[PDB]
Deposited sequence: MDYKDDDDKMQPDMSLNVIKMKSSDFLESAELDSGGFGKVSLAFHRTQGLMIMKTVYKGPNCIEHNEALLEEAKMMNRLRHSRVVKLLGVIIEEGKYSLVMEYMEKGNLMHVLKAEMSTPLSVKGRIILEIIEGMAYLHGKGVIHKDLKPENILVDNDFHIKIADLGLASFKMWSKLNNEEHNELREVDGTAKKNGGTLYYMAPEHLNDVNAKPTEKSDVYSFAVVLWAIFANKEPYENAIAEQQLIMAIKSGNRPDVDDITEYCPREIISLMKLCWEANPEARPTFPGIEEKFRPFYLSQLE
């Protein structure tokens, strides 16, 4: 379960320094080059160690780590390609998407999160830019800011942040941290836009969220079923002990999806 790769396995293209790369043997991939600079092999013991723990993450709704590049002067993570881009990009394209496709995207996000909390991984940065979409509108979850991987992150969006982490950085994130973020993602999916569009200042704004202000449920111009609006209000309750587990979300939403939108 060692997956090292050489820089010269790959013909690049431009899109951290994310790059569209053809591996000469296995094909089209995405390459996050996290560092091009002086050899600094002081850390490789650790960067290979983090890469080991993310190779452990294999699920149809998570982005797969297909290989790493550790070479003197260039360090890269290589991910699978996702044709259509991130979730916001899709939601904002002109040909908008039926309620029932939005239904599945939600269920698939629910699935991927239940897998990650099963592995003890707290995502810590769930938001539409980390949700990637292929040609058939299937999503995979990614952690592009490297929020679970301190070593890679060091080398290298308050909208979705649970409030107990707003103006408190030392609080350890919990599963309920991500459930709040899922709540605002539900909102963005039906609003087809980022929340808090009309906000004065991010210091003003943070104080508003802590005091229980949320994104505008009226601002949802598409139809959004009642029970999904109630779900998102339930998932963004100020008290983390009052939000459900992702296992608990699924046990409510999968029946609702099967019997109302699929």
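Counting from residue 1 of the deposited sequence, the stretches lacking C-alpha coordinates in this chain are 1-16, 32-37, 179-197.
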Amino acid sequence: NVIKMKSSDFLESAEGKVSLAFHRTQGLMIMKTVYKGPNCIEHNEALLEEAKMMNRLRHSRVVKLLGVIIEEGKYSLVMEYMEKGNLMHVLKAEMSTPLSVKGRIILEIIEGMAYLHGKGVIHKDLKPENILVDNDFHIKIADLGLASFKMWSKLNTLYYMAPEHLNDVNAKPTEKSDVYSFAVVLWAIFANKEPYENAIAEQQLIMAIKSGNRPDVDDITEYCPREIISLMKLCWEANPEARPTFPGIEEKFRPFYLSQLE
From here on, numbers count along this sequence of modelled residues.
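Under this definition, the rigid core comprises the largest set of C-alpha atoms superposing within 1.5 Å between the forms.
Where the structures in 9 other deposited structures of this protein are fitted on the rigid core, 145-153 is the one of 163-171 and 145-153 whose C-alphas sit farther from the shown form on average. With every structure aligned by its rigid core, 88-96 is the stretch of 88-96 and 181-189 whose CA positions lie farther away in 9 other deposited structures of this protein.
Looking at the other PDB entries for this protein, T245 is present in the model in all of those that include the residues around it, rather than absent from a third. Figure legend: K64 is marked as modelled in all of the other comparable entries of the protein, none of which omit it, let alone a third.
Remark: stretch with higher mean C-alpha B factor among 107-115 and 79-87 is 79-87. Averaged over their C-alpha atoms, the temperature factors of 220-228 and 34-42 are higher for 34-42.
Residue set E71, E129, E175, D125: peak C-alpha B-factor at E71 (per PDB entry). Remark: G16 belongs to the highest third of its chain, ranked by C-alpha B-factor as recorded.
Ranked within its chain, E250 lands in the lowest third, by CA B factor from the PDB record. Per the PDB record, residue ranking by Cα B-factor puts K52 in the highest third of the chain. For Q203, the recorded CA temperature factor ranks within the highest third of the chain's modelled residues. Among all modelled residues in this chain, the alpha-carbon of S60 has a temperature factor (C-alpha) in the lowest third.
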